[PDB]
Amino acid sequence: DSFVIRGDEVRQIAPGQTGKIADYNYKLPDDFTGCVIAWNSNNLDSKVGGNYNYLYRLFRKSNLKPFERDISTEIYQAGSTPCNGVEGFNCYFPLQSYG
Amino acid sequence: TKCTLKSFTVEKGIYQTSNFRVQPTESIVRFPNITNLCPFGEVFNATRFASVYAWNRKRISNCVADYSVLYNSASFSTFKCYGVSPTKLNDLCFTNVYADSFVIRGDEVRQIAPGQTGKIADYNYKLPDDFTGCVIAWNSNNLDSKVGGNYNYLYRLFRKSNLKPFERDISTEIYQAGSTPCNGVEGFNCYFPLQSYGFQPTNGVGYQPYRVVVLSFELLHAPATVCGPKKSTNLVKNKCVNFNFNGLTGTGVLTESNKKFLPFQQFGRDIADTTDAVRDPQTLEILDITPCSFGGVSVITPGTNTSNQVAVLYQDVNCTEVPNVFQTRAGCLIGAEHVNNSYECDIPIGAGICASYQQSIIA
Amino acid sequence: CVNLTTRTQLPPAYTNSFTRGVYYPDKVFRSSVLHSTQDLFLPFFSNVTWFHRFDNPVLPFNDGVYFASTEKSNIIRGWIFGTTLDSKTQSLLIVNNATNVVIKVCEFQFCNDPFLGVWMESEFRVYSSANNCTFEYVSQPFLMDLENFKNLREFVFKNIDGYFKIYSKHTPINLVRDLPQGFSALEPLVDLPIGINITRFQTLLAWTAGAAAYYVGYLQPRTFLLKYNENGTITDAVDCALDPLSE
Amino acid sequence: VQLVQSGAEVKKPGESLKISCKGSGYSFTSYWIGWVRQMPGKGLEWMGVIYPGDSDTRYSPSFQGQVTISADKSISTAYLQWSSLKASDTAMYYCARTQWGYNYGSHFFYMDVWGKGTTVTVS
Amino acid sequence: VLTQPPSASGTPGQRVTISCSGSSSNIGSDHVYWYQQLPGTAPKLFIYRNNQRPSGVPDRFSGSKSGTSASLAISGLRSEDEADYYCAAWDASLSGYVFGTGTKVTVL
Ligand SMILES: *[C@@H]1O[C@H](CO)[C@@H](O)[C@H](O)[C@H]1NC(C)=O
Ligand SMILES: *[C@@H]1O[C@H](CO)[C@@H](O)[C@H](O)[C@H]1NC(C)=O
Ligand SMILES: *[C@@H]1O[C@H](CO)[C@@H](O)[C@H](O)[C@H]1NC(C)=O
Ligand SMILES: *[C@@H]1O[C@H](CO)[C@@H](O)[C@H](O)[C@H]1NC(C)=O
Ligand SMILES: *[C@@H]1O[C@H](CO)[C@@H](O)[C@H](O)[C@H]1NC(C)=O
Ligand SMILES: *[C@@H]1O[C@H](CO)[C@@H](O)[C@H](O)[C@H]1NC(C)=O
Ligand SMILES: *[C@@H]1O[C@H](CO)[C@@H](O)[C@H](O)[C@H]1NC(C)=O
Ligand SMILES: *[C@@H]1O[C@H](CO)[C@@H](O)[C@H](O)[C@H]1NC(C)=O
Ligand SMILES: *[C@@H]1O[C@H](CO)[C@@H](O)[C@H](O)[C@H]1NC(C)=O
């Protein structure tokens, strides 16, 4: 598996850890047999203006199951009102692009 | 039965292979109906906040607390919970919650964790070694740091002895570090004991301020006021249910009790010191709690030489509870035909009853 | 404040505690069991100091205290707890006055002989300056009747983990000059969420003297075996450190 | 919440001038009474905050050392004070009550309520 | 420093969008506050937490973040909206709340 995480979050990509990245983006199985190889990619994947190509899913209905990939682009309603599937109060895109 | 013995041939006899249990059909959640929002937001929202030497404390009580907001937040740098996990915090109700608030330095954030050491941990704020709580910290380097260096926040660098758990020292006494009485005024080996650290916005993450709001959740047994945002359901009696009474959870049958609880008692325990009675948090009814009916399952069978027909004995289970049905003192035996003819014991059933294959299985 | 000086100076008297001072150690119902608990309790047959004059010097408060009064006309008014009790430290004032019960953990400047006076209540001379109040509680207003004894009030005062816990029992009494023999348990009255440092205590009383006496005992770390009846009431107890037989 | 600030001042360069921002209708002792400049017809510039309770001060880089801002918690009124009045310093000076809670870690500074300002004329 | 177009204009009953550009220092962190200054009046909180709207505010105003730029949308424009619309955010480099260059909306 290959992906670009944020530095503080590197700890999350370890067995049985929690956070936004671990819960809703990529979850390592609790019985993981593997190696987490990470480097300071701050000079290749960062641009002066802020690269946005890399998206992390900030909010999900429930935590991501081990080794499951979510490509969903559905709008996440956070209020009792149906948000209506278009942006507005309590309707926002679920992948928030870090810069 | 064949699986229990790990063989395709079963000899004549009685074998205990499983356990019968009636499963719960409802989830019964009862919490006090005090829907006033709990002021957790005001501890975190607080514009001011203490200094580590004198750590502010708010005792939050008589409220419904929603913890989803804390977990769903995308801002906290550190949300480390010892004894409990944030996602499952909503389920329970806590007797008391304390919200200590203070501004520590970044390198020191590790110290405000159970059983850790350093200046902050020893002489300023000590977390009890058995801490049940959450250490919620954020990068407050852009609110509490000024270009010139904020000094309002004081940490006590030297103390005579380490600070005891959850003890606040406001002492301003001058600390003598030599044999000479220092004399109570500054001089060599007389200095103020709270040394003011100085933050500027561009300092390194080691010297960057990390505000903290440790939430010391108290799980002692008593009336519980702060609670999770869970909704309550109707009370169901004389049925196997999954219940949650003010944080007390389990599976069982709720019946009307004849116990005389005193006005201050919220729940009871059996000789085993396990919960066996609860006061409902909304109506002050005293209920007795029994487990849902259960018992061993024994298979009465002739050997695979003779028949594939079997009878099943539900040990200490009534025949009205399980769903040739023979009720005996040993339990409910289904599949064996009860007869008025006695014979020598072949396959023991219990309480004087034996079964045999004579063709069909009889009891 | 007014300093009252017309008081005779005699040494303290002592009496026998018998089996009093047992309280409900917790908030959980149990019955037909014997429970062994390690807590601060009054030892059996301990020496309890006995006061009447206008006798109320300043007394020590150590691990906790057992307090009892024998009264016919509500002479007891309350207590002051603190470290110095002169506005130099945080202090606790509990007074059951003519109109309500007041609990305050404000910084008070107390009198050096605080009291209330009275049959109707009149004087209130407990403190002068009082500011920087952090916690206060006032009971629903009521009128107390201020005029052998009839009313026994027993208190245990503990200061544990931020709580000031008050235990109490009300019973009839019929002795003239002593503490009864027999067993009763003190039920919880209120859990006060006040993180106040309590290390010394004084008794408030309400010219002539009335007919009253009070008793002061001290709690020690002890293991007690408590007997719960069918109704979950504590009906007897064993002091495990009293004699080899209790052990 | 009806912060009543001051009137209008016209003064010559080099003199010392004080603008009061009187608070009312709320707990003025526990909120940040920060200040903002508005040159005539231009955008708002932030100036700085004062916490009446603890007299703590914060400035924007363009003002630190150019304006001395203080508070008076006894009378519930915060003060913007000039060390030396300047020619260009004419502007429409507002005082708003700011908050800076972390809202569960998301920092905010939103000037919820504003006074009617103080038109300071220099000549 | 937040950058804003010097003017905006449109027909009443339309929807108007206003840009507010910034860097990763300022708008990188939950900051897109909006206040309008009608002639002779003081600004007051009109949008907070990027889009949240105070109680006391017309419901037609909704804005959002576009990366390191802000965006405000006045749907169903009306006459009274001639108000200097300010996007704000505090830089974080030497702190300091900075207001955008301001936009004077003309109704047509
Ligand atoms: C909430 O609980 C209280 C107990 O003090 C009870 O009197 C009240 O009726 C309850 N409310 C509802 C809606 O059940
Ligand atoms: C203080 O907390 C309240 C309740 O959570 C919240 O509504 C308010 O926004 C907070 N203060 C500020 C300045 O936002
Ligand atoms: C069952 O069958 C086996 C052979 O299959 C035989 O040896 C054994 O004696 C039989 N037992 C009975 C009780 O019929
Ligand atoms: C089964 O239940 C009936 C009543 O429903 C009762 O009379 C009978 O004794 C019960 N039997 C056992 C074994 O519990
Ligand atoms: C055993 O005999 C009784 C007669 O007293 C009869 O009622 C019963 O049905 C007989 N057993 C069975 C299983 O029928
Ligand atoms: C209590 O201790 C004192 C200490 O001198 C002693 O004189 C007294 O006899 C003891 N107890 C009793 C019941 O007298
Ligand atoms: C208020 O409390 C502080 C405790 O830090 C004390 O020093 C101060 O003297 C108190 N105020 C008055 C008027 O006594
Ligand atoms: C209470 O104050 C005394 C000073 O007389 C001190 O020795 C004691 O440790 C204090 N208690 C607590 C719990 O801090
Ligand atoms: C239990 O309480 C009842 C009244 O509810 C009383 O009659 C009975 O005597 C009590 N039992 C004991 C052992 O005190």
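Caption draft 1: Quick look at the overall build of chain E. The helix and strand tally for chain E stands at zero helices and eight strands. Ordered by position from N to C terminus, the α and β elements of chain E give β-β-β-β-β-β-β-β. For 108 residues, the compact-globule formula gives about 13 Å, and the C-alpha radius of gyration of chain E, at 13 Å, lands near that figure. Counting only C-alpha atoms and orienting by the principal axes, one finds that chain E spans roughly 40 × 30 × 25 Å. Within chain E, buried positions represent 47% of all 108 residues. Seen as two clouds, the 8 positive and the 7 negative side-chain charges of chain E have centres 4 Å apart.

Caption draft 2: Structural detail: the interface of chain B and chain D. Listed as interface residues are 25 residues of chain B and, on the opposing side, 16 residues of chain D. Summed over both partners, the interface of chain B with chain D comes to about 1,700 Å²; 54% of that surface belongs to carbon and sulfur atoms. Of all residues in chain B, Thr47, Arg48 and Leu143 of chain B bury the most surface against chain D, accounting for 37% of the area lost on that side. The interface formed by chain B and chain D includes two salt bridges. Its salt-bridge partner being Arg48 of chain B, residue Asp56 of chain D comes within 3.9 Å of it at the nearest N-O pair. Counting residues per element, the ones that place at least two in the side of chain B that touches chain D are α1 (40-45) and α2 (68-72) of chain B. With four residues, the single largest contributor to the side of chain B that touches chain D is α1 of chain B. Grouping the amino acids of the side of chain B that touches chain D by side-chain chemistry returns nine nonpolar, 12 polar and four charged.

Caption draft 3: Just the pairing of strand β17 (residues 311-315) of chain B, in detail. Residues and elements named next belong to chain B. β17 sits mainly inside the fold: four of its five residues count as buried. Both strand β16 (residues 294-301) and β17 contribute to a ladder of four bridges, which runs antiparallel. Each residue of the ladder has a partner; that of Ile300, found in β17, is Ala311. Of the pairings in the sheet, the one linking β17 to strand β19 (residues 331-334) comprises four bridges and is antiparallel in character. Bridging from a neighbouring strand, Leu313 pairs with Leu333 of β19.

Caption draft 4: Empty space enclosed by the protein, seen in detail. There is about 220 Å³ of room inside the largest cavity. Taken together, 19 residues form the lining of the largest cavity, with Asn142 of chain B, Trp46 and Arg58 of chain D together with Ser95 and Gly96 of chain E sitting closest to its centre. If you list the elements that add at least two residues to the lining of the largest cavity, you get β4 (44-51) and β5 (56-59) of chain D. Residues that form the lining of the largest cavity fall into these classes: 11 nonpolar, six polar and two charged.

Caption draft 5: Up close: the sheet that holds strand β17 (residues 220-228) of chain C. Residue and element names in this part refer to chain C. Taken together, three strands build an open sheet; the order of strands is β2-β17-β18 and the sheet is antiparallel. For this open sheet the edge positions go to β2 (34-41) and β18 (234-239), each flanked by a neighbour on one side alone. Within the sheet, the average angular offset between the axes of one strand and its neighbour, ignoring direction, is 35°. By the bridge criterion, five bridges tie β17 to β18 in an arrangement that is antiparallel. Across the sheet, the residue bridging to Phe224 is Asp239, located in β18.

Caption draft 6: Main features of the interface of chain B and chain A. Tallying the contact residues gives five residues for chain B and eight residues for chain A. Area buried by chain B at its contact with chain A is led by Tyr71, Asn72 and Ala74 of chain B, which between them contribute 80% of it. Linking chain B with chain A are zero salt bridges. Here chain B is connected to chain A by two residue pairs in polar contact. Among the residues forming the side of chain B that touches chain A, the class breakdown is two nonpolar, three polar and no charged.

Caption draft 7: Main features of the state of the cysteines. As enumerated under the stated definition, the model contains 12 disulfides over all chains in all. A sulfur-sulfur distance of 2.0 Å marks the disulfide that ties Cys182 of chain B to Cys190 of chain B. Because the sign of the S-S torsion sets the handedness, a value of about 110° for the bond joining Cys182 of chain B and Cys190 of chain B places this disulfide among the right-handed ones. Taking relative accessible area as the criterion, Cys182 of chain B reaches 16% and is therefore assigned buried. Here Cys1 of chain C is linked by a disulfide to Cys111 of chain C, with a sulfur-sulfur distance of 2.0 Å. Of note, the bridge from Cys1 of chain C to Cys111 of chain C carries an S-S torsion of about -80° and is left-handed in sense.

Caption draft 8: Expanded view of the nonpolar core. Among the nonpolar cores identified, the biggest contains 70 residues, and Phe40, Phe44 and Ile112 of chain B, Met111 of chain D together with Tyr35, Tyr97 and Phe99 of chain E are the most heavily contacted of them. The next biggest cluster of nonpolar side chains, apart from the first, holds 27 residues, and it includes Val33, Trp50, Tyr66 and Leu186 of chain C.

Caption draft 9: Here's a closer look at the pattern of salt bridges. Residue and element names in this part refer to chain B. This model, assessed by the stated rule, comprises 29 salt bridges over all chains. In this structure, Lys12 engages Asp346 in a salt bridge whose closest nitrogen and oxygen atoms are separated by 2.7 Å. The salt bridge partner of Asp122 is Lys126, with a shortest N-O separation of 3.7 Å. For the pair formed by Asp122 and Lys126, the shared burial category is buried.

Caption draft 10: Examining the side chain of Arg279 of chain B more closely. Residues and elements named next belong to chain B. Along the chain, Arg279 falls in strand β14 (residues 275-279). Within the local environment of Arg279, its side chain forms a polar contact with the backbone oxygen of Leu262, the two atoms lying 2.8 Å apart. Apart from the residues within four sequence positions on either side, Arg279 is in contact with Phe261, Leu262, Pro263, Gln265, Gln266, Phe267, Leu284, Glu285 and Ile286.

Conventions adopted
- Residues numbered from 1 in each chain as written, not as in the entry; some residues may be left out.
- Chains lettered and ligands numbered in written order.
- Part of a larger assembly, values for the part shown.
- Heavy atoms only, no water.
- Residues with missing side-chain atoms left out of burial classes, pairs and counts.
- Helix = DSSP H or I, 4+ residues; strand = E, 2+ residues; numbered from the N terminus.
- Rg over C-alpha atoms; globule rule 2.2 N^0.38 Å.
- Buried < 20%, exposed > 50% of the residue type's maximum accessible area, 1.4 Å probe, protein only.
- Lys, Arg positive; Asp, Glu negative; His and termini not counted.
- Charge placed at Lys NZ, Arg CZ, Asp CG, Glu CD.
- Contact = heavy atoms within 4.5 Å.
- Buried area = accessible area lost by both parts, 1.4 Å probe.
- Salt bridge = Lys/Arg side-chain N within 4 Å of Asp/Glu carboxyl O.
- Nonpolar A, V, L, I, M, F, W, Y, C, P; charged D, E, K, R; others polar.
- Pairing = 2+ DSSP bridges.
- 1 Å grid on protein atoms, 1.4 Å probe; cavity = no way out; pocket = protein on both sides within 12 Å on 5 of 7 lines; lining within 4 Å.
- Points joined across faces, edges and corners; volume = space filled by probe spheres on them.
- Axes fitted to C-alpha atoms, helices over the stretch in contact; angles between N-to-C directions.
- Polar contact = N/O pair within 3.5 Å; in protein donor to acceptor, adjacent residues only side chain to side chain.
- Disulfide = S-S within 2.5 Å.
- Core = buried A, V, L, I, M, F, W, Y, C linked by side-chain atoms within 4.5 Å.

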